[PDB]
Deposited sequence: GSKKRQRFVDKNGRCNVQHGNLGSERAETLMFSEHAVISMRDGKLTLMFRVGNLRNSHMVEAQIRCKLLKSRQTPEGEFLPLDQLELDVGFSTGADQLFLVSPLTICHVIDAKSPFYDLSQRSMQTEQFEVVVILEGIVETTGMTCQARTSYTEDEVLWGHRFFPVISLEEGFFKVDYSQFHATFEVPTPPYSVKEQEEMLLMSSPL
C-alpha cells in the first residue's frame, strides 16, 4: 500500500490546522522545537516575537527573529499528505540557542507560525507563547493509511536533558 498513486492521488484516510502546543525534545540527535500542522505552493514560516534590549541599550518592544523551519533545504515547502511535525533545529543560529528548561520558566516570547497555500491564495496562522511550549515532550503518532486526529494535539514526556544547546556545547569543550 503506497501513500501516493502513480497518477498522484493520495491514499490517506482522514481546529486541526495547528497543534495547540509546541514541544522541545531530541530528534535525530538534535534538540528540536516541534509543532504539528494538519490541514499548492504550501509554505510555512515561523517568527519569534519578543521584547529585548540590544547591547547598544536600545529596547525593542516587539522584535521579530527568524526561526528556521526548512528555508535552507526546501523543507518549508510542504506536502500535506497527512499531519506533519514541523521541526526547528536549535543550533548556534537559532534564537533559542541558549534556551534551557530553566530559563523557559522565566522567558517571555511568542512563536508565530504562518502557513500559506493555494487560484486560491490563503493564510493560516497560529501562536505559541512560552507556556505553550512543552520542554521534554514528544508528539504521539497520528498516521497508522489512516490518520487518528484524536491524537493530533496529544504529547507525552520523554527523557530530555534540561540544558540548552549552548550549554551542551560548553560542557563539551571542557569534558
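Gaps without C-alpha coordinates occur at 1-5, 20-28, 54-59, 139-142, 169-173, 205-207, with positions taken along the deposited sequence from 1.
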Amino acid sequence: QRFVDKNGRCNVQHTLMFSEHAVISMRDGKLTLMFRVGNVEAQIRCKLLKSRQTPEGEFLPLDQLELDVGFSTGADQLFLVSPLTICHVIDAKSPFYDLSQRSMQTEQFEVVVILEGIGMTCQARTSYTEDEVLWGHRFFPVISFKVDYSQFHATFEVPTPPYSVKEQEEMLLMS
From here on, numbers count along this sequence of modelled residues.
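As listed in the deposited structure, the average C-alpha B-factor of 100-108 and of 75-83 is greater for 100-108. Between 27-35 and 51-59, the higher mean Cα B-factor belongs to 51-59. Taking the deposited Cα B-factors for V113, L134, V40, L67, the highest one is held by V40. When the CA B factors of the chain's modelled residues are split into thirds, the value for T160 lands in the highest one. When all modelled residues of the chain are sorted by CA temperature factor, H14 is found within the highest third. Annotation for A124: C-alpha temperature factor in the middle third relative to the rest of the modelled chain, per the entry. Among the modelled residues of its chain, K166 has a C-alpha B-factor that falls in the highest third according to the deposited record. The entry lists a Cα temperature factor for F139 that places it in the lowest third of the chain's modelled residues.
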